[PDB]
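Peer 1: Below is the structure, and that's it, no one-letter string:
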């Protein structure tokens, strides 16, 4: 399959950030300020199978992440914090496909 | 398996220069930045320099006022610290360390830089003969460090290399290994002494003299 | 830009929980990641904790990290502390520069008393050819770490020419060494030298003699 954005839960992390539907998500990487000399270190993963996304959301462990994605063809990077759910306690962003 | 093997240390006079090397392997070199960090007993850990994965961004710590420059040779999977205008206070053990965005994930074994106008002095090595315990004696060297192995590292368990004493400006230490007497009764046993600052390496077979 | 302050030393007990603190002098601690490194005596550092609270694979799960923003401090917690945990621990963070704490030395009392093992070696013929003689006394497998080292010749205390190293930990226990600088003639003169070590009020000694049983 292919990982495409469809729905955005209002008020959820991505909604507070600015993710709009219909985006192609390429990469998910570690977030937060990096130490000098290590900005270009690769820790993230270039995604394609949509489950690689949700896998890399469980790896997030509630820590901030960057998303390198496509807006009508141009590359754009947005970073956010997955929120701890008050029910079963799972990190979410609010990103329906 | 990840390996960071440092070389290029030793003794240098105040006001001179020394270049250090860190040979990397066991991971994609060009995917990660590298750094140099020094250590002393009195000042603890002090960050020295970092260089980015693409070699195009460099970062210097405020312990060195631009006197050091960092470089990386991606074809040799190595990186370098050029240390100019060296000072007594720059004497330290220098480590290279691989980065992963937010921390130093692996450290090299360390190499020692000593800033001193005393000459390098090579050790005199003597064999110490009486299960069984055998030893190698590294008498009267300067500066630190020395390395001792047994049978080129094929004897690794049972080895003790003892901290040196310092007297009249020269270090002396002893290293020992314990083996079954049946071991001593067969294959030759040799200690291997390396003094990086004099670039010397000695093997001594321990004979039941 | 900021400094990280660590205690000089902490002493705890085998099996206890112990918390090591790391306080940031200026700027909110949560504004950048904190990491923790373990360094054994004479060895390279290894990672205990990175990214505030993640545990590298290979590290026992009795280590955990946390961030206390109210005290602007990072915390390394060790549950069920073990004697193999004696080591130096450095905290680490960064912003525009990279900053280390001054290091905390962790001592764990309460491990088993260890009476020393003694190994002694005479001078080599090769060294005597140069008219010198060095007597070697190796002291290992002892705990705790204070020792008084004394040498005897024919039972009388000898001070001149003695160099004794401070004990050091290697692996799980402590080691020490002592050297006697002699001339070839001083070594040939008496028919006994003794390395004497006193430990926890108990004394162990072994002697060396220029003779031969035959």
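Peer 2: Sure thing, it's come through. Numbering: from 1, shown residues only, chains lettered A, B, ... in the order given.
Peer 1: Please list the residues of chain A that sit near chain C.
Peer 2: Contact residues (CB under 8 Å from any CB of the partner chain) of chain A with chain C: A:32, A:33, A:35, A:36, A:61, A:63. The C-beta positions use only the backbone N, C-alpha and C, and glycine is treated the same way.
Peer 1: what residues are up against the residue lying closest to the third one once chain neighbours are set aside?
Peer 2: With sequence-adjacent residues excluded and distances taken as CB to CB, 6 or more residues apart in numbering or on different chains, residue A:35 is closest to residue C:94, at 4.1 Å. When contacts are counted by CB atoms under 8 Å, 6 or more residues apart in numbering or on different chains, residue C:94 is found next to A:35, A:36, B:102, C:32, C:33.
Peer 1: For those residues, work out which two are farthest apart.
Peer 2: Using CB to CB, those span at most 12.7 Å, a distance reached by A:36 and C:33.
Peer 1: wait, isn't residue B:164 in contact with residue B:175?
Peer 2: No. Between residue B:164 and residue B:175 there is no contact, the gap being 10.4 Å when judged by CB atoms under 8 Å.
Peer 1: shared neighbours of these two, anything?
Peer 2: residue B:138.
Peer 1: Which of the two has more residues huddled nearby?
Peer 2: residue B:175 (24 against 20; other CB atoms under 10 Å in any protein chain shown).
Peer 1: Run through the bridge partners of the more buried one.
Peer 2: residue B:136, residue B:161 (DSSP bridges).
Peer 1: got a list of what it touches?
Peer 2: So residue B:175 contacts B:135, B:136, B:137, B:138, B:148, B:159, B:160, B:161, B:162, B:191 (CB under 8 Å, 6+ apart).
Peer 1: Please apply the same query to residue A:49.
Peer 2: Applying CB under 8 Å, 6+ apart, the residues near residue A:49 are A:1, A:3.
Peer 1: now do the one 3 residues further on
Peer 2: Contact analysis of residue A:52 by CB under 8 Å, 6+ apart lists A:3, A:45.
Peer 1: And the strand or helix carrying it, what's buried?
Peer 2: Assigned by DSSP states H and E, residue A:52 belongs to helix A:50-58. Buried positions in helix A:50-58, judged by neighbour count with 16 or more other CB atoms under 10 Å in any protein chain shown: A:53, A:56, A:57.
Peer 1: ok, now stretch B:127-140?
Peer 2: By 16+ other CB under 10 Å, the buried positions in stretch B:127-140 come out as B:127, B:128, B:132, B:133, B:134, B:135, B:136, B:137, B:138, B:139, B:140.
Peer 1: cool, and stretch C:139-155?
Peer 2: Going by 16+ other CB under 10 Å, stretch C:139-155 has these buried residues: C:139, C:140, C:142, C:143, C:147, C:149, C:150, C:151, C:152, C:153.
Peer 1: how long is it from one end to the other?
Peer 2: Stretch C:139-155 has an end-to-end distance of 20 Å (CA to CA, to the nearest Å).
Peer 1: Ok, stretch C:195-206 next?
Peer 2: 6 Å.
Peer 1: which non-adjacent residue is nearest the residue most central in space within chain B?
Peer 2: Centroid-nearest residue in chain B: residue B:111, 3.4 Å away (criterion: CA atoms, centre = their mean). Once flanking residues are discounted, residue B:111 sits nearest to residue B:9: 3.4 Å by CB to CB, 6+ apart.
Peer 1: Tell me the spacing between the one you found and residue C:116.
Peer 2: Going from residue B:9 to residue C:116 by CB to CB, to the nearest Å gives 35 Å.
Peer 1: Equivalent analysis for residue C:151, please.
Peer 2: 15 Å.
Peer 1: Out of the buried residues of helix A:50-58, which comes closest to chain B?
Peer 2: residue A:56 (15.1 Å; CB to the nearest CB).
Peer 1: Any idea how many residues pack against residue B:143?
Peer 2: 25.
Peer 1: So it sits against residue B:113, correct?
Peer 2: No. Using CB under 8 Å, residue B:143 is not in contact with residue B:113, being 9.6 Å away.
Peer 1: which neighbours do those two share?
Peer 2: Counting by CB under 8 Å, 6+ apart, the residues touching both residue B:143 and residue B:113 are residue B:10.
Peer 1: would you say residue A:70 is within a helix?
Peer 2: No. Under the criterion used here (DSSP: H, G, I helix; E, B strand; the rest coil), residue A:70 is strand, not part of a helix.
Peer 1: How about the contacts made by the spatially closest residue to it that is not a sequence neighbour?
Peer 2: Residue nearest to residue A:70 in three dimensions, not counting chain neighbours: residue A:24, with 4.1 Å by CB to CB, 6+ apart. Going by CB under 8 Å, 6+ apart, residue A:24 touches A:3, A:4, A:5, A:69, A:70.
Peer 1: Give me the buried subset of those.
Peer 2: A:3, A:5, A:69.
Peer 1: Closest one to residue A:20 out of the residues you listed, please.
Peer 2: So of the buried ones among the contacts of residue A:24, ranked by how close each gets to residue A:20 (CB to CB), first place is residue A:5, at 7.8 Å.
Peer 1: Tell me who's in contact with that closest one.
Peer 2: So residue A:5 contacts A:19, A:20, A:21, A:22, A:23, A:24, A:25, A:69, A:95, A:97 (CB under 8 Å, 6+ apart).
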